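This document opens with one chain alone, in structure tokens, the form deposited without 6-methylpyridine-3-carboxamide (8EJ).
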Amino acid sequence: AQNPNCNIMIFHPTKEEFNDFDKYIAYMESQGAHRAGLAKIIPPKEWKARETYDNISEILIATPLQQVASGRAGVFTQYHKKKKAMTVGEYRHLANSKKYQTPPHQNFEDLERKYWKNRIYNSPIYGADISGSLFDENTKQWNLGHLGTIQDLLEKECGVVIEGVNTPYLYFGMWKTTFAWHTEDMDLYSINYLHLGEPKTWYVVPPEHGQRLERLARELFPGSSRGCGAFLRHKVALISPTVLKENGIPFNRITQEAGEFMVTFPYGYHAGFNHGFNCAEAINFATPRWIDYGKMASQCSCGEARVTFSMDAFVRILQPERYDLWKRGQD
């Protein structure tokens, strides 16, 4: 078995290997990359996502989210308070203000220490989940707005044509902005490209050990657990590496820098934080290997998780027994 310790693998494809996305994902899996739940892909030196980032300041962040924490430094939840709209240029200035800017630090490990020590005492503002793309239309390789759609994959694998679309999302981050422990909708893959700015630190649990994280989360968030049998679908809970280590949960960590891709694999729980002002683009995707994970994915039916239009068909076709209850949670 390849990669039996479930380490995060880093790939350096040549420009020739960068042509065929599906083929390269299957290659990475042949080497065991999925066992970690997360992989890094450094694009060939010849590649670029677009020519410059000089003209992005007029993009609108219609609903910036202030991420307010509750709990203790290593075990907390966050809720998202909606703020007034602002442009990317306005948000970048905000991120660089004395109130929100990255503190002085020695290296990524020092910054990671400071994040876990101090996150809960501040409420950073995240421009998340903005439909759109920063890939130039002329970028032909690994252009996250030109991937094969998950609806087309389900149709190719299973023969059923379904409604729905699959488009990317932009994320504008600042110091301490935080993504809570989660897997993707329907335990899909994700791919994330850091277009510009400061790094993003990731934590990930191997898919084979995901249920260990879930059991710890039920212990640590006992009211939330009683409220919903899949409360990590709410995307609000954080657990630090120190707490994970104290409770014997297998995980790994890695820092993504600008110009790098990350791939999350089906049922790979992940969480993380931004080091300073940045912009990322991400989208879900599927492969044939995903279908079995889609069929087994947990679902929130309590009403909290509320997701896209396109997840309807996935539930309806892959999980017909669950469909009725899940749809009630959507409506």
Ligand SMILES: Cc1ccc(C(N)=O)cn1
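Residue numbers run from 1 along the displayed sequence. Rigid core (definition): largest C-alpha set, two forms, superposition within 1.5 Å.
Visitor: Core fit done; bigger CA RMS in 8 other deposited structures of this protein for 40-48 or for 298-306?
Guide: Comparing 298-306 with 40-48, the one that moves more in 8 other deposited structures of this protein is 298-306.
Visitor: Quick one: core-superposed, which stretch strays further from the shown model in 8 other deposited structures of this protein, 143-151 or 169-177? Go by RMS C-alpha distance.
Guide: When 169-177 and 143-151 are compared in 8 other deposited structures of this protein, 143-151 lies farther out.
Visitor: Decide which of the stretches 201-209 and 150-158 has the higher mean C-alpha B-factor, going by the entry.
Guide: According to the PDB entry, the answer is 150-158.
Visitor: Per the PDB record, is the mean Cα temperature factor higher over 283-291 or over 301-309?
Guide: According to the PDB entry, the answer is 301-309.
Visitor: Pick out which of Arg92, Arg253, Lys82, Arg119 has the highest C-alpha B-factor in the PDB entry.
Guide: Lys82 has the highest C-alpha B-factor of those listed.
Visitor: Highest recorded C-alpha temperature factor, please, choosing from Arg215, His182, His195, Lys99.
Guide: The record points to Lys99.
Visitor: Grab the CA temperature factor for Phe76 from the record and place it in the lowest, middle or highest third of its chain.
Guide: It belongs to the lowest third of the chain when residues are ordered by C-alpha B-factor.
Visitor: Divide the modelled residues of the chain into thirds by Cα B-factor and specify which third, lowest, middle or highest, holds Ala271.
Guide: Bottom third by C-alpha B-factor.
Visitor: Among the chain's modelled residues, which third holds the C-alpha B-factor of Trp47?
Guide: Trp47: CA B-factor falls in the highest third of its chain.
Visitor: Which third, lowest, middle or highest, does the CA B-factor of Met296 fall in along this chain?
Guide: Highest third, going by the recorded CA B-factors of the chain.
Visitor: Divide the modelled residues of the chain into thirds by Cα B-factor and specify which third, lowest, middle or highest, holds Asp110.
Guide: It belongs to the highest third of the chain when residues are ordered by C-alpha B-factor.
Beyond what is shown, the protein has a form deposited with 6-methylpyridine-3-carboxamide (8EJ) bound; the following relates to that form.
Visitor: Report yes if any heavy atom of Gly145 sits within 4.5 Å of a heavy atom of 6-methylpyridine-3-carboxamide (8EJ) in the entry with it bound; otherwise report no.
Guide: Residue-level check for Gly145: no, no contact with 6-methylpyridine-3-carboxamide (8EJ).
Visitor: Answer with yes or no whether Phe261 is in contact with 6-methylpyridine-3-carboxamide (8EJ) in the entry with it bound, where contact means some heavy atom within 4.5 Å.
Guide: Because no heavy atom of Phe261 falls inside 4.5 Å of 6-methylpyridine-3-carboxamide (8EJ) in the entry with it bound, the answer is no.
Visitor: For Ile120, is any heavy atom within 4.5 Å of 6-methylpyridine-3-carboxamide (8EJ) in the entry with it bound, or not?
Guide: No, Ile120 stays farther than 4.5 Å from 6-methylpyridine-3-carboxamide (8EJ) in the entry with it bound.
Visitor: Note that 6-methylpyridine-3-carboxamide (8EJ) is not shown here; using its position in the entry with it bound, name the residues of 201-224 with a heavy atom within 4.5 Å of it, in sequence order.
Guide: Contacts from 201-224: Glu214, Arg218.
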